[PDB]
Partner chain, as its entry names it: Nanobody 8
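Consider the single chain below, provided in structure tokens and representing the form solved without the partner chain.
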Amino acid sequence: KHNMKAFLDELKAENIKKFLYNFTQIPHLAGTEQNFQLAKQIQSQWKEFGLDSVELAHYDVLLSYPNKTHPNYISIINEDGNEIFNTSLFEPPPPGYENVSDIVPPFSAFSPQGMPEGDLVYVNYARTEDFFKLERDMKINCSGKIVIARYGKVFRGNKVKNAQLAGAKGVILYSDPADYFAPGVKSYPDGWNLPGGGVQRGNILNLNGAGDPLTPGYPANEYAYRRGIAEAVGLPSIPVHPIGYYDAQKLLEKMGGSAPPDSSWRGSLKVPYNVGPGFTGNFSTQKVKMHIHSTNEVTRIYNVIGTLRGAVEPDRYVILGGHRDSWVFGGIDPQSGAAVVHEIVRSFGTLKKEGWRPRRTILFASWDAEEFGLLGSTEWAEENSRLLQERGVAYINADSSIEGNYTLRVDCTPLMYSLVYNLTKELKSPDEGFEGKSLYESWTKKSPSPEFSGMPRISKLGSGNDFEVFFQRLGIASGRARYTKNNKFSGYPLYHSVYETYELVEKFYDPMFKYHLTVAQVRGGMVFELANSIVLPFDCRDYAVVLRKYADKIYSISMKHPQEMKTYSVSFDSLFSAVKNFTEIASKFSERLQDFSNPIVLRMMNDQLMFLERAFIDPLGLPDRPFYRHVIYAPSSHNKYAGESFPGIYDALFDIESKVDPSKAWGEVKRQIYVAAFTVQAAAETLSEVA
């Protein structure tokens, strides 16, 4: 038989291991020749594997690189202007790679150039609340200071935005052992911890879903009109650079001014974690100087796009997509994901060679430049937006398959919950102590749902990966799944470091490649069901259940201000009414879905299921974020990695007691309630009888 079991059984841990090794021997930085060569290799193999067509789709997008002959670094400078301490020019390369060329040194992609000199202020994680605590409670002024922040908790682009708005003249990002060194585990290469010389690379843009900073709305094709740099989307206005904890300790140890306000501000280094500004008495005349000479340049990038044409509904697309570009070797990020995609393609191709095709078309993508702002997936979706609009069933992401070895981690639309519960019940758990048990059992035991007793936890989709354009801009049902640790937004210790290698994975994360195999079964299984099930495997009732939970939650936030709700007549009745109607109508649609040989009614009904995620899109977008159009979900305005529910109302209520004109502020809360109630009702009505 050619069924899901046939598909699943053909996947091999040994193949994923071979592919990972193959993808991680040299760096594959976006816009470099080596990453163009890997793209051509993948294109060739996907053809070999049996796909109907495999093309490269290229774009010319803004990237950012250090200057090879003028290196980035930070100094402590004395009053004579002598640089008495300098941060490292590169990470000590790992054993056996000390002669690899073209390892990009640590840098913050898209930093402007500058050489600012000033006094340090330590801002903890540089979160919105950390800056509130500094300015409002401690009365510390960041204007014209160099801010030093530890990595972790939120997307680093939000840190930089926050520092900029606090008036900082530069930002130093560092990895604190508190966040990147697990107690009792050894540093790379003897364990999976971050050494003192390790540094996390990463872009610091605030693109809000725009894609290439120069071409928002349109693909960066060969005739594209580009904004000038001054009008580019999402570039930081102050220099930024990351460092490791050996260098950070040297910068923090001399810090004076005010004590940290509490223990949540102290990391694990042997320093007081004084907030500053500036150094204690003896060193009060010393300053910190940054030297940043990185350049932004328009650079060609290449996506590989593989097609397996559907036998029955070739105009319905199930997409499996993940990126290929890496900061250095990409041992976990992304090649642990890409190796799984490669094996999934191989298995689907094996079935195809025996005469099978999926019912719907499957598209497979190897995205470029994800590390520089989701650029490859976003440009391709801008180019193909009308096709995706009208034909996109689902998008399944495929970055890193592992970030730990503890249990499954799934983020997806409520429309895919039942598909995921059902599939994981049919898969074997790879976990020690659960041999003979289902993945559903071990996942549910290790990651219990807090909201829904007895179920495993499934999180909201945020952003910070390639599903963003498909889900938040276009409204195509999306999901992702990976193995994870027991710090959820911080990354694993070696994240975006030179030390993230094949050996890291083979020695410390997944020696038998059983977690990679489990994740290939989950991702590949989801794609298989989505592409082959006669009725799309979406349960609208799961959306009704979460909508009620999110409505309760947003109402509860507003109800912290009962006087204002009274004064301005702020009612959530419309939103609860719309959610009630969505519940009722979804329940009736489910009955019809059970109760209909008629392919028009079937496809009519499958169209209603497909367009249900689409119904949550508002073509006007969210306030000042035109590329975030989903009304139920958006990346949090304070942390791109986290999803926020009813984001328009949430941002309207955020810090509302601080707004100078409460009448206007509460008016805008009421506007967002109306938009949310309307969109929920309109989405519900897509499920009503069509005539």
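Numbering follows the first chain given and starts at 1.
Just so it is clear, the following notes concern the form deposited with the partner chain bound, a form of the same protein that is not shown.
Listed stretches are 162-170, 365-373, 246-254, 510-518; the contact stretch with the partner chain in the bound PDB entry is 246-254, by a heavy atom cutoff of 4.5 Å.
Out of the listed residues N86, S258, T350, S438, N86 is the one that sits within 4.5 Å of the partner chain in the bound PDB entry by at least one heavy atom. Listed residues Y273, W356, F283, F434 were compared with the partner chain in the bound PDB entry; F283 is the one with a heavy atom within 4.5 Å. Site residues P92, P195 and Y499 are all in contact with the partner chain in the bound PDB entry, judged by any heavy atom within 4.5 Å. Interface residue remark: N78 is counted as part of the site for the partner chain in the bound PDB entry, having a heavy atom within 4.5 Å. The partner chain is not drawn, but in the bound PDB entry it has a heavy atom within 4.5 Å of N82.
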